[PDB]
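Starting off, we have a lone chain in the form deposited in one PDB entry, written out as structure tokens.
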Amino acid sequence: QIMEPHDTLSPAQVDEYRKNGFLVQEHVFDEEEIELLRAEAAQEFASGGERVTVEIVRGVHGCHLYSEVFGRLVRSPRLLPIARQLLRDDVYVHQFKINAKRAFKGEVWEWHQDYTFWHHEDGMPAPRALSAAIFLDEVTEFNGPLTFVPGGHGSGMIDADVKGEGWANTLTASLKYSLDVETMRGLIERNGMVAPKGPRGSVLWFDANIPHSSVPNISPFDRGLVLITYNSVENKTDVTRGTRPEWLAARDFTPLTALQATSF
């Protein structure tokens, strides 16, 4: 049995990713594959316990450590070779989350950079990491797409106001590190905003330091995203500065290997 040989991004793709900070590949996974991921996301929302964030189950963290399906997904040949290619290293999963934005539901998600959280909370030393967002549903103008500042990752970490204490979490409406109204204005005047769209089964790759935000879903269709954050193994987090649980910030830095086509 055969896996399709690893496909990597073209040089134009790589260049677009590094310039803009994000890149969509359409139609990576087929409907049947997406349906398998959807059904498993539903199981994780049902069994995740403390790993679920409620709106009303709305998000779940760490599923690749608990679900065999999601454990295999992160090693997929459609994903792993590209993470390796863009991070120019072997890689591992720093964080896994599923964000479900149901039809006619959702809240505003404030402007934030993932790297701010991972640097300050988990001891990630550089922004040599990225997220792959699998589209469980078509992403449109109206179902609360992730919205970015293109090129906004290009000046690094932007100073934020520290709010709560204890375990930060980008999935909770009042973000521990959010971006200054004045800093956003300047970034946005210079660079614009873009909400990448695409069909069910696409993958949206985006930089650890890209500013992003989102709005509620006013459409009658769901917007499910499975988000896999790959980190460079050289860039492994400093587990001595972090104290989040493993399901928020991984501590096993073993390099991932690609799934092969076996008889089961």
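Only residues modelled in both forms are compared. Note that the rigid core is defined as the largest set of C-alphas that superpose within 1.5 Å between two forms. Residue indices: 1-based, along the sequence shown.
Here the subject shifts to the form solved in complex with a small molecule, a form of this protein not shown in this document.
Segments offered: 114-122, 158-166, 178-186, 82-90. Contacting the small molecule in the entry with it bound at heavy atom distances within 4.5 Å is 114-122. Site residues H6, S76 and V203 are none of them in contact with the small molecule in the entry with it bound, judged by any heavy atom within 4.5 Å. In the core-aligned comparison between the shown form and the other one, the C-alpha of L171 is the only one from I158, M184, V93, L171 that shifts by 2 Å or more. Put simply, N169 and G164 come closer in the entry with it bound: their C-alpha atoms are 3 Å or more nearer than in the form shown.
Look at the core-aligned forms between the shown form and the other one and you find a single run of 3 or more residues with C-alpha shifts of 2 angstroms or more, at 168-171.
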